[PDB]
C-alpha cells in the first residue's frame, strides 16, 4: 500500500519479529510497505525448529538449527517474554521458568499465528545473492525455490537480514584428528544425547554449548565427561564423572593428551568452539564481519548498516537478552524504513557507534554485560511504540539466574521467577530437571 518493497531474510525469531513489527503498525492503521520474507526451511522458528538432519539439509543447503533433543531454555523465560504477547495469553495458565525447546517454539509461533503474517513468507526458498544497484537504488535479491527448483530474482527497496549467527561452526583443528578412531563433531551436529550413553566424551570449549551439551550428556548416562578450556575453566562444580582440564593438545588412535600432561582414552570429541558470522549471499559492500560480541561495529543502533543504510541487520549481537531484543530492533528498523525516524549523517552514525564500542571494552563482569545490553535495549524501545517493560527488573532476574547457576549448575533449571510483563510468579515444575527425561511439549504441559 506504501510505494516501497522490503525483503526479510530468514523467518527465525528475528525474521518473525520483523513481520510482526509491520503487522502491528498496520493494525493501528498505518500504511506499510510490501513485504517478502524468504526462509530456507519448510517452517518458521529458526534455531527452534528442530531437525534430525545434520550437515547439509535435503535440498543441499547447510543445516541451520544447532538445537538438540532435551534442550530447555537457558535463562529465565521471564527475561525473553514479548511485551506484546505474554506467556499468560499464549498458554492460558502459569508454567515453569525454563521450558523445553518445543514449548518455546510453540510460544513464538503463536504470536505470528495470531498476527497472520505467515502469508508474507516464501518457505523452502534459499537466498543466494543480494546486490545493490547504484543507478536504480534498489537491491536485487536472487533466490532458489526448492519446491519448483527454479532460481529467480526480484527487486527491493530495503533489505533486513535476519539469518542469525549461531549456524556456521567455528571448527579448529587439533593435531592427530586425521587418525582418531572415534567420532569428531561440532556442537552444531549434536542431536541425541543417548548416542553417548556409556561412553567417554571430550568436550572442547568453556561456554554455554560446553555447559549444556555436557549436562545433557551426563543426564542421559554418558559414562565419563572431560571438558577442557583454552583460556579459563568454566568453574562450576561438576558431577563426579566430569572434570575440567587445560586445553587439548593432541590426539591419537584412541587417546587425548592435554596441556597439563594428562592423557585419557576418549570415545567421541565434541567441539564446542562457537560459530562464525557468515553471509554467503552478501558482497563485501554489504557484508558484516565480526566475532561474537555485545557491540559489532558498523551497525548504527546495532541495526543499520552504515555503508548502505537501506540495509539492516537484526540480532547480530551476542545474546543475554534475546527475544525482546530482536523486537526492540525490528521495531526500530521498521520505523526508520517507514520514515518515522530519520537518520543522521554518516559521521554522526560513526561517532555514536564508536561511543558504544568504547564502553563495550570497559566491561568485565557478567553483571556489567547484561546491564550494558539492557541499556541498549532501553535506548531502542524509547524511540518506538514498543511497550517499554522494566529493564532493571529483568536485570535482577538475570542476576538471580547467575546465582542459581553458581550454587548448583545441575539444578538451576528447577527455580522460578516472576514475569516482568504480567507480575505472575512461575510455579515449580512438576519434575526435577534431572528426572524430566521427556522433552515433549505434551509432557511439559500436563
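Numbering follows the first chain given and starts at 1.
For the two regions 180 to 188 and 193 to 201, the entry's Cα B-factors average higher over 193 to 201. Once the C-alpha B-factors are averaged per stretch, 416 to 424 and 55 to 63 rank with 416 to 424 first. Comparing the listed residues 317, 329, 365, 322, the entry records the largest Cα B-factor for 365.
Among 230, 165, 119, 334, the highest C-alpha B-factor in the deposited entry belongs to 230. Ranked within its chain, residue 274 lands in the lowest third, by CA B factor from the PDB record. In the deposited entry, the Cα temperature factor of residue 38 sits in the bottom third of values across the chain's modelled residues.
Among all modelled residues in its chain, residue 410 ranks in the highest third by Cα B-factor. Per-chain ranking of the deposited C-alpha B factor places residue 49 in the lowest third.
In the deposited entry, the Cα temperature factor of residue 150 sits in the middle third of values across the chain's modelled residues.
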